[PDB]
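Throughout, numbering of the chain's residues begins at 1 and tracks the sequence. Keep in mind that the numbers below use all heavy atoms, side chains included, and drop hydrogens, waters and symmetry copies.
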Amino acid sequence: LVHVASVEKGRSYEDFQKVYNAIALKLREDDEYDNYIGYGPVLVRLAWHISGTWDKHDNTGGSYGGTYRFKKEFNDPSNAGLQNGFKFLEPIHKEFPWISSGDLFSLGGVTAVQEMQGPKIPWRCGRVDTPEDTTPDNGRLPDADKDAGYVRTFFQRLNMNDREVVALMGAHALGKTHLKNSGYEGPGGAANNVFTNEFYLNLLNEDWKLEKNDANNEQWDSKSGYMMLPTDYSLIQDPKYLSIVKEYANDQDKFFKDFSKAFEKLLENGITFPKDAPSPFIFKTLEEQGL
Ligand code: HEM
């Protein structure tokens, strides 16, 4: 399977910066969602789940085809709760009907990270919608009740190494787990709609307790009202993972730089860009534009 990026006809940077601005403006406007967390966290989880289906062995899945719009993928039990992110983006797709679905879902993740004052994420356009029969089957996304060996093996399918996995997991500082979506409940820290390295700091400094929640699943809970998934706590149980957790807890700029590289790679896996394709765009935030 080869997937060649094809720029939406006649579009350039200025067109995609208008779409970025439309998403950022609605993120600011619809601030009441999920007890005032806002839509930022569910939009970076949507960009990760539409990319996270990729398989390096046969180049199936991934963000290219925008197949989350089809019933099979939209209804995946692992995607429970992401309908809220799709509904947020639906008015913006009506306003810019020329953007492909893969490009809009991946750009929603980029916009959310940057507007929640995370690092700049370079982004490339050119994903092309593919037919319903190219939709990957359910079951390619990760379980939360496992250990470090499972996380390591799982991310080898997306060819992410240990460093890329630990950097990507720092996004779990954002938003919260919701009992009715996943069978887990609670936030991972106090700043859950501002992008920071707090996930690493909490993992190493909190006093965690293994408890059972109302859906009968075990999770790690702390005196401060925070929680961590079994796969999250994995990162301090493994010696290789633990030393990179300590590095990001002690250097927030290195965490931002490594996250940016791994998140762009996640969103681009499976796509072939021609050498006459445009360079990655770096979008300005609303704040840098005085908007
Ligand atoms: C082994 C890897 C991972 C597992 C098992 C996992 C699992 C989960 C689960 C169970 C939730 C809660 C869903 C809900 O109840 O609403 C969640 C939320 C979230 N995850 Fe992951 N995740 C993984 C990796 C990642 C990565 C790599 C990213 C992003 C780069 C990410 C971003 C998020 C975000 C932002 C949320 C919060 C969503 C919200 O507030 O609505 N996750 N994760």
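- Not a single salt bridge (charged side-chain N to carboxylate O under 4.0 Å, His left out) links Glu29 to another residue, sequence neighbours left out.
- A donor and an acceptor atom, one from each side chain of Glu206 and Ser224, are located under 3.5 Å apart.
- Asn159 is linked by a side-chain hydrogen bond (donor to acceptor under 3.5 Å, both in side chains) to nothing, counting only residues two or more places apart in sequence or in another chain.
- Judged as a ring pair (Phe, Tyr, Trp, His ring centres under 6.0 Å), and not counting sequence neighbours, the contacts of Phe263 are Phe259.
- Taking the ring pair (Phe, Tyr, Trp, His ring centres under 6.0 Å) definition, one finds that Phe105 meets it with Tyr68, sequence neighbours left out.
- Checked against side-chain hydrogen bond (donor to acceptor under 3.5 Å, both in side chains), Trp48 has no partners two or more places apart in sequence or in another chain.
- Residue pairs meeting the salt bridge (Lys or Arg N to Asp or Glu O under 4.0 Å) criterion with at least one member in residues 161-171, sequence neighbours excluded, are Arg152-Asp162, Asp162-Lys240, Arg163-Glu247, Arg163-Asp258, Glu164-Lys265.
- Counting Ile, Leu, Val, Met, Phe, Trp and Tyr side chains that sit under 4.5 Å apart, directly or through other members, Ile271 shares a hydrophobic cluster with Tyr64, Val128, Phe273.
- Under the salt bridge (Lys or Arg N to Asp or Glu O under 4.0 Å) criterion, the residue pairs touching residues 183-203 are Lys176-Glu185, with sequence neighbours excluded.
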Please report, to 0.1 Å, the donor-acceptor pairs under 3.5 Å made by any side chain of residues 76-84, with sequence neighbours excluded.
unit_1, atom_1, unit_2, atom_2, d
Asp76, OD1, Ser78, N, 3.0
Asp76, OD1, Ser78, OG, 3.3
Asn79, OD1, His49, ND1, 2.8
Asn79, ND2, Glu73, O, 2.8
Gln83, OE1, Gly81, N, 2.9
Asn84, ND2, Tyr33, OH, 3.2
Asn84, ND2, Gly81, O, 3.1

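- The ring pair (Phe, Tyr, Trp, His ring centres under 6.0 Å) test applied to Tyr241 returns no partner, not counting sequence neighbours.
- At least one donor-acceptor pair under 3.5 Å links the side chain of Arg157 to the backbone N or O of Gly52.
- In this pair, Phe199 and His172 present their aromatic rings perpendicular. The plane angle is above 60°, beyond the 30 to 60° band.
- Every pair passing salt bridge (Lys or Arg N to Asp or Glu O under 4.0 Å) that includes a residue from residues 85-103 is listed here, sequence neighbours excluded: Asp103-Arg127.
- Remark: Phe88 pairs with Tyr39 by the ring pair (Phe, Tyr, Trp, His ring centres under 6.0 Å) rule, at least two apart or across chains.
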